[PDB]
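Listing of run-v6.txt; format and content: compact mmCIF, C-alpha atoms.
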```txt
# COMPACT_ATOMS: atom_id res chain seq x y z
CA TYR A 441 169.24 106.18 131.20
CA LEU A 442 165.89 107.94 131.04
CA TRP A 443 164.07 105.21 129.12
CA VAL A 444 165.10 102.57 131.67
CA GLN A 445 163.55 104.63 134.45
CA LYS A 446 160.42 105.18 132.39
CA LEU A 447 160.26 101.39 132.10
CA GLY A 448 160.56 101.20 135.88
CA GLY A 449 157.81 103.80 136.32
CA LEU A 450 159.90 106.61 137.80
CA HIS A 451 158.70 110.06 136.71
CA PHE A 452 161.40 112.69 137.11
CA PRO A 453 160.41 116.30 136.19
CA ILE A 462 156.50 105.93 142.92
CA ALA A 463 156.23 103.43 140.08
CA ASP A 464 153.28 103.53 137.67
CA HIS A 465 152.13 100.85 135.24
CA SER A 466 150.36 103.40 133.03
CA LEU A 467 153.63 105.28 132.64
CA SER A 468 155.34 102.00 131.73
CA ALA A 469 152.64 100.92 129.24
CA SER A 470 153.33 102.66 125.91
CA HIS A 471 157.02 103.26 126.66
CA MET A 472 157.44 99.48 126.93
CA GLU A 473 156.41 98.73 123.34
CA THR A 474 158.21 101.75 121.88
CA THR A 475 161.50 100.94 123.61
CA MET A 476 161.33 97.24 122.72
CA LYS A 477 160.83 98.16 119.05
CA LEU A 478 163.79 100.56 119.30
CA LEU A 479 166.00 97.86 120.84
CA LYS A 480 165.00 95.40 118.10
CA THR A 481 166.00 97.96 115.46
CA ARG A 482 169.23 98.97 117.24
CA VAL A 483 170.68 95.46 117.49
CA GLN A 484 169.86 94.64 113.86
CA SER A 485 171.42 97.94 112.76
CA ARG A 486 174.64 97.26 114.66
CA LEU A 487 174.93 93.73 113.26
CA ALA A 488 174.36 95.06 109.73
CA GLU B 154 138.60 66.84 115.32
CA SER B 155 138.36 63.77 117.58
CA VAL B 156 142.14 63.84 118.15
CA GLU B 157 142.00 67.57 118.89
CA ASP B 158 139.13 67.05 121.33
CA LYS B 159 141.10 64.27 123.06
CA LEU B 160 144.19 66.50 123.25
CA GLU B 161 142.10 69.38 124.62
CA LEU B 162 140.58 67.02 127.20
CA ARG B 163 144.07 65.88 128.23
CA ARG B 164 145.20 69.52 128.45
CA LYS B 165 142.16 70.41 130.58
CA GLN B 166 142.87 67.40 132.82
CA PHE B 167 146.50 68.49 133.21
CA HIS B 168 145.35 72.03 134.01
CA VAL B 169 142.88 70.68 136.59
CA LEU B 170 145.65 68.59 138.14
CA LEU B 171 147.93 71.65 138.27
CA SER B 172 145.11 73.67 139.86
CA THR B 173 144.54 70.92 142.43
CA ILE B 174 148.28 70.85 143.20
CA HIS B 175 148.22 74.65 143.58
CA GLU B 176 145.21 74.42 145.91
CA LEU B 177 147.00 71.73 147.96
CA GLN B 178 150.11 73.92 148.17
CA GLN B 179 147.97 76.90 149.20
CA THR B 180 146.08 74.92 151.84
CA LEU B 181 149.19 73.31 153.36
CA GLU C 154 138.83 61.41 168.73
CA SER C 155 140.81 64.54 167.82
CA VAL C 156 142.93 62.50 165.39
CA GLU C 157 139.79 61.09 163.76
CA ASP C 158 138.25 64.58 163.57
CA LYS C 159 141.34 65.92 161.80
CA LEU C 160 141.61 62.83 159.59
CA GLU C 161 138.01 63.33 158.43
CA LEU C 162 138.75 66.72 156.85
CA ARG C 163 142.16 65.48 155.69
CA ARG C 164 140.52 62.49 154.01
CA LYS C 165 137.91 64.80 152.45
CA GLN C 166 140.55 67.07 150.87
CA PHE C 167 142.76 64.12 149.90
CA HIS C 168 139.68 62.36 148.52
CA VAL C 169 138.94 65.34 146.27
CA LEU C 170 142.58 65.29 145.14
CA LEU C 171 142.51 61.51 144.69
CA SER C 172 139.26 61.77 142.73
CA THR C 173 141.01 64.19 140.37
CA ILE C 174 144.02 61.84 140.23
CA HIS C 175 141.79 58.82 139.56
CA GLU C 176 140.00 60.69 136.78
CA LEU C 177 143.42 61.48 135.30
CA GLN C 178 144.44 57.83 135.68
CA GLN C 179 141.27 56.58 133.97
CA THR C 180 141.87 59.17 131.26
CA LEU C 181 145.46 57.95 130.83
CA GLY D 392 117.71 101.17 144.80
CA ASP D 393 120.94 99.40 143.86
CA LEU D 394 120.83 96.72 146.58
CA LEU D 395 119.56 93.74 144.57
CA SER D 396 120.16 95.27 141.13
CA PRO D 397 122.35 92.79 139.17
CA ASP D 398 125.01 95.40 138.32
CA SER D 399 126.54 95.83 141.77
CA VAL D 400 125.41 93.15 144.22
CA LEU D 401 128.82 91.45 144.38
CA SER D 402 131.05 94.45 143.68
CA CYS D 403 133.18 94.47 146.85
CA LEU D 404 133.17 90.99 148.39
CA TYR D 405 136.87 91.43 148.96
CA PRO D 406 137.99 94.95 150.02
CA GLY D 407 138.06 97.11 146.91
CA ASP D 408 138.65 95.54 143.45
CA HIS D 409 136.35 98.17 141.85
CA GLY D 410 134.58 95.74 139.46
CA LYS D 411 135.93 97.67 136.45
CA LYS D 412 139.65 97.32 135.70
CA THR D 413 140.99 94.28 133.90
CA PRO D 414 143.20 92.00 136.04
CA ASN D 415 146.05 91.24 133.63
CA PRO D 416 148.13 93.98 131.95
CA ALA D 417 148.52 91.84 128.82
CA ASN D 418 144.87 92.72 128.22
CA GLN D 419 145.90 96.39 128.41
CA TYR D 420 148.60 95.85 125.76
CA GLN D 421 146.13 93.91 123.61
CA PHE D 422 143.59 96.73 123.93
CA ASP D 423 146.28 99.25 122.98
CA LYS D 424 147.18 97.11 119.96
CA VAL D 425 143.78 97.44 118.27
CA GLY D 426 142.93 100.82 119.78
CA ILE D 427 140.27 100.06 122.38
CA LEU D 430 135.19 100.13 128.63
CA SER D 431 132.65 99.76 131.45
CA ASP D 432 129.92 99.47 128.81
CA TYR D 433 131.51 96.17 127.78
CA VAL D 434 131.62 95.25 131.48
CA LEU D 435 127.88 95.85 131.86
CA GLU D 436 127.29 94.01 128.58
CA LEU D 437 129.38 90.87 129.16
CA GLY D 438 129.97 90.70 132.92
CA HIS D 439 132.22 91.88 135.70
CA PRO D 440 135.84 90.61 135.73
CA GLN E 197 135.26 74.26 84.32
CA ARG E 198 138.03 71.70 83.82
CA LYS E 199 140.51 74.35 84.98
CA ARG E 200 138.42 74.97 88.12
CA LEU E 201 138.04 71.25 88.86
CA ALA E 202 141.76 70.61 88.34
CA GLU E 203 142.76 73.48 90.64
CA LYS E 204 140.20 72.48 93.27
CA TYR E 205 141.42 68.88 93.10
CA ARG E 206 144.98 70.08 93.68
CA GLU E 207 143.69 72.12 96.63
CA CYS E 208 141.94 69.01 97.97
CA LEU E 209 145.18 67.03 97.59
CA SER E 210 147.00 69.72 99.57
CA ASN E 211 144.23 69.69 102.20
CA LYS E 212 144.43 65.89 102.43
CA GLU E 213 148.20 66.14 102.87
CA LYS E 214 147.63 68.74 105.61
CA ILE E 215 145.01 66.52 107.30
CA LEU E 216 147.56 63.68 107.19
CA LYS E 217 150.25 65.96 108.64
CA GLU E 218 147.89 67.10 111.36
CA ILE E 219 146.98 63.49 112.09
CA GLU E 220 150.57 62.20 112.11
CA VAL E 221 151.74 65.00 114.39
CA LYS E 222 148.51 64.75 116.38
CA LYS E 223 149.07 61.00 116.82
CA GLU E 224 152.62 61.67 118.01
CA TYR E 225 151.29 64.23 120.50
CA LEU E 226 148.73 61.70 121.73
CA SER E 227 151.49 59.13 122.20
CA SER E 228 153.50 61.67 124.19
CA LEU E 229 150.44 62.42 126.32
CA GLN E 230 149.98 58.71 127.02
CA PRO E 231 153.62 58.48 128.16
CA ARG E 232 153.10 61.51 130.41
CA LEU E 233 150.00 59.87 131.90
CA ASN E 234 151.98 56.70 132.53
CA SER E 235 154.69 58.72 134.27
CA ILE E 236 152.04 60.41 136.42
CA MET E 237 150.62 57.00 137.34
CA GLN E 238 154.10 55.81 138.29
CA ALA E 239 154.55 58.90 140.47
CA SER E 240 151.20 58.24 142.14
CA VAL E 243 148.27 57.23 151.40
CA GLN E 244 146.25 56.67 148.22
CA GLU E 245 144.26 53.88 149.88
CA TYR E 246 143.49 56.02 152.93
CA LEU E 247 142.27 58.87 150.72
CA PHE E 248 140.09 56.55 148.63
CA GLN E 257 127.86 65.58 133.44
CA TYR E 258 131.21 64.39 132.09
CA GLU E 259 130.30 64.28 128.38
CA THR E 260 129.10 67.88 128.49
CA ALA E 261 132.23 68.86 130.43
CA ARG E 262 134.38 67.33 127.67
CA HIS E 263 134.04 70.57 125.67
CA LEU E 264 134.55 73.18 128.40
CA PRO E 265 137.38 75.73 128.40
CA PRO E 266 140.16 74.84 130.89
CA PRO E 267 139.28 77.55 133.47
CA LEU E 268 135.65 76.50 133.05
CA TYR E 269 136.71 72.86 133.41
CA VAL E 270 138.58 73.64 136.66
CA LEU E 271 135.53 75.59 137.87
CA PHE E 272 133.20 72.71 136.99
CA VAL E 273 135.35 70.13 138.81
CA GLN E 274 135.67 72.36 141.89
CA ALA E 275 131.95 73.16 141.84
CA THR E 276 130.90 69.50 141.69
CA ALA E 277 133.48 68.66 144.38
CA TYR E 278 132.15 71.38 146.69
CA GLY E 279 128.55 70.36 145.95
CA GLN E 280 129.23 66.73 146.81
CA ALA E 281 131.67 67.39 149.66
CA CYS E 282 130.17 69.81 152.20
CA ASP E 283 126.97 71.58 151.09
CA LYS E 284 124.33 69.87 148.95
CA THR E 285 122.39 73.12 148.38
CA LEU E 286 124.24 73.91 145.15
CA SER E 287 123.45 73.12 141.51
CA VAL E 288 125.52 73.57 138.34
CA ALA E 289 124.60 73.43 134.66
CA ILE E 290 126.39 73.97 131.36
CA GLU E 291 124.56 76.34 129.01
CA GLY E 292 125.60 76.86 125.41
CA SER E 293 125.84 75.32 121.95
CA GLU F 245 155.61 70.09 130.24
CA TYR F 246 157.93 67.76 128.31
CA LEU F 247 154.92 66.03 126.74
CA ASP F 252 154.37 75.74 137.10
CA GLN F 253 157.46 77.96 136.85
CA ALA F 254 155.28 81.10 136.87
CA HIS F 255 154.25 80.40 140.48
CA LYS F 256 157.92 80.09 141.49
CA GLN F 257 158.65 83.33 139.64
CA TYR F 258 155.78 85.02 141.50
CA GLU F 259 157.08 83.76 144.85
CA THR F 260 160.47 85.18 143.88
CA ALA F 261 158.99 88.45 142.55
CA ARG F 262 157.23 89.00 145.88
CA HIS F 263 160.58 90.26 147.22
CA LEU F 264 161.42 92.58 144.30
CA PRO F 265 161.64 96.37 144.69
CA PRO F 266 158.58 98.24 143.33
CA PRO F 267 160.19 99.60 140.10
CA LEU F 268 161.68 96.16 139.48
CA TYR F 269 158.32 94.52 140.21
CA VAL F 270 156.57 96.91 137.79
CA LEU F 271 159.21 96.11 135.15
CA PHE F 272 158.72 92.37 135.74
CA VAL F 273 154.92 92.55 135.45
CA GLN F 274 154.94 94.78 132.36
CA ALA F 275 157.65 92.68 130.70
CA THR F 276 155.69 89.46 131.25
CA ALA F 277 152.54 91.18 129.99
CA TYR F 278 154.26 92.41 126.83
CA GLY F 279 155.86 89.00 126.31
CA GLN F 280 152.55 87.18 126.55
CA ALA F 281 150.62 89.82 124.59
CA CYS F 282 152.53 90.40 121.35
CA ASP F 283 156.16 89.24 121.24
CA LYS F 284 156.75 85.63 122.26
CA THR F 285 160.46 86.02 121.42
CA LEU F 286 161.17 87.48 124.87
CA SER F 287 162.17 85.88 128.17
CA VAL F 288 162.47 87.35 131.66
CA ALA F 289 163.95 85.95 134.86
CA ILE F 290 165.01 87.09 138.32
CA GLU F 291 168.60 86.66 139.47
CA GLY F 292 169.57 87.04 143.11
CA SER F 293 169.27 85.54 146.58
```
How does this structure look as structure tokens?
Amino acid sequence: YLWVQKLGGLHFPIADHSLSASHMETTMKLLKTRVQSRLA
Amino acid sequence: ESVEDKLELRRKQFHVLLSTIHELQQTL
Amino acid sequence: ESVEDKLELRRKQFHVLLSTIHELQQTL
Amino acid sequence: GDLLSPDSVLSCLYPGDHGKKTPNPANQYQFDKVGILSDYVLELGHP
Amino acid sequence: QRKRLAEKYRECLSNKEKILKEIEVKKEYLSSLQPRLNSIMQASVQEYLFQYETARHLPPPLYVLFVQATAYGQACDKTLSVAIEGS
Amino acid sequence: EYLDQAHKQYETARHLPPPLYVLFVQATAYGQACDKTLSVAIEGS
């Protein structure tokens, strides 16, 4: 996926923590909503 | 408060023992 | 003499560790 | 000048380390949580 | 006023129940800590290898720093002094 | 601990690839910062 590689730090037009920073919290919130939605 | 201070002293002693074990593992 | 010179620093480091361990033993 | 000034005597004991950036990234997430820095470093101390 | 005193007495009963819960659980934790200490003693050569009241309230990194600072001041170099400043 | 493993995880994470190491560090940071209902580990040889 693209979000997995943004978690890794890969920027596709070398890994970066600042690129991983906000994308981490947004993708973890999206995973927490996705699993609850599929169980519902 | 006395029980919490004793528990915090035991936790600080356990942390100091873990730090001493880490320093012994780093030195050896 | 070399064994005593190594055992001095070894006893110093192990004495610091044993002082921490004895403080933990007197604590509990 | 800045030799014995208390801001940057001990800035680079080890090579680099910059005196500025926080060591743990959990601090970066916790700063991003409440929306919030070298002024605080000069106020409180160098990490 | 009797309404306020009755409600505050119910709040004090709930706070006393909470203090008792803290204490019961706290006592259990203390007992567990004692067992852990005993285990450590059992684990504990030792014969060849063989300020505090203010350091009772330090944070754990500060407590590790205080123990290491006093150990380095007594071990190798005596030209070192430490003090605990605060309230 | 019944009444550490992070050092063993750091000695294991020394050998990780750089994107995997960045993911490990950021995941531990986000797990200790906000959400304690998260666990990471390293599987391999």
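Candidate residues E:238, E:257, E:274, E:210 were compared for distance to chain B, and the nearest is E:274, using only C-alpha atoms.
Here CA of residue 166 in chain C and CA of residue 265 in chain E stand 24.3 Å from one another.
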At a cut-off of 10 Å, can you tabulate as a Markdown table every residue of chain B near chain F together with its closest atom pair and the distance in Å to one decimal, using only C-alpha atoms and ordering rows by chain then number?
```
| residue | atom | partner | partner_atom | distance |
| --- | --- | --- | --- | --- |
| B:167 | CA | F:245 | CA | 9.7 |
| B:171 | CA | F:252 | CA | 7.7 |
| B:172 | CA | F:252 | CA | 9.9 |
| B:174 | CA | F:252 | CA | 9.9 |
| B:175 | CA | F:255 | CA | 8.9 |
```
Near residue 465 in chain A, within 12 Å and counting all atoms listed in the file, which residues show up once chain neighbours fewer than 3 positions away are dropped, as a PDB file with C-alpha atoms, in the coordinates of the input?
```pdb
ATOM      1  CA  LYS A 446     160.420 105.180 132.390  1.00  0.00           C
ATOM      2  CA  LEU A 447     160.260 101.390 132.100  1.00  0.00           C
ATOM      3  CA  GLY A 448     160.560 101.200 135.880  1.00  0.00           C
ATOM      4  CA  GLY A 449     157.810 103.800 136.320  1.00  0.00           C
ATOM      5  CA  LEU A 450     159.900 106.610 137.800  1.00  0.00           C
ATOM      6  CA  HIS A 451     158.700 110.060 136.710  1.00  0.00           C
ATOM      7  CA  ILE A 462     156.500 105.930 142.920  1.00  0.00           C
ATOM      8  CA  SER A 468     155.340 102.000 131.730  1.00  0.00           C
ATOM      9  CA  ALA A 469     152.640 100.920 129.240  1.00  0.00           C
ATOM     10  CA  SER A 470     153.330 102.660 125.910  1.00  0.00           C
ATOM     11  CA  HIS A 471     157.020 103.260 126.660  1.00  0.00           C
ATOM     12  CA  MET A 472     157.440  99.480 126.930  1.00  0.00           C
TER      13      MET A 472
ATOM     14  CA  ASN D 415     146.050  91.240 133.630  1.00  0.00           C
ATOM     15  CA  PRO D 416     148.130  93.980 131.950  1.00  0.00           C
ATOM     16  CA  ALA D 417     148.520  91.840 128.820  1.00  0.00           C
ATOM     17  CA  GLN D 419     145.900  96.390 128.410  1.00  0.00           C
ATOM     18  CA  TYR D 420     148.600  95.850 125.760  1.00  0.00           C
TER      19      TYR D 420
ATOM     20  CA  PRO F 266     158.580  98.240 143.330  1.00  0.00           C
ATOM     21  CA  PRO F 267     160.190  99.600 140.100  1.00  0.00           C
ATOM     22  CA  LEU F 268     161.680  96.160 139.480  1.00  0.00           C
ATOM     23  CA  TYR F 269     158.320  94.520 140.210  1.00  0.00           C
ATOM     24  CA  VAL F 270     156.570  96.910 137.790  1.00  0.00           C
ATOM     25  CA  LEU F 271     159.210  96.110 135.150  1.00  0.00           C
ATOM     26  CA  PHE F 272     158.720  92.370 135.740  1.00  0.00           C
ATOM     27  CA  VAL F 273     154.920  92.550 135.450  1.00  0.00           C
ATOM     28  CA  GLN F 274     154.940  94.780 132.360  1.00  0.00           C
ATOM     29  CA  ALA F 275     157.650  92.680 130.700  1.00  0.00           C
ATOM     30  CA  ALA F 277     152.540  91.180 129.990  1.00  0.00           C
TER      31      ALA F 277
END
```
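On all C-alpha atoms, the superposed RMSD for chain C relative to chain B stands at 2.0 Å.
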Separating CA of residue 478 in chain A from CA of residue 466 in chain A, to the nearest tenth of an Å, is a gap of 19.4 Å
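Proximity of B:155, B:160, B:179, B:169 to chain C, computed with only C-alpha atoms, is greatest for B:169.
For the pair CA of residue 444 in chain A and CA of residue 477 in chain A, the separation is 14.0 Å.
The shortest atom-to-atom distance to chain F, with all atoms listed in the file taken into account, belongs to E:226 out of E:221, E:247, E:226, E:286.
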So that I can check the surroundings of residue 164 in chain C, please list as number ranges by chain every protein, DNA and RNA residue that reaches within 12 Å of it, counting all atoms listed in the file and ignoring chain neighbours fewer than 6 positions away. C: 156-158, 170-172; E: 243-248, 281
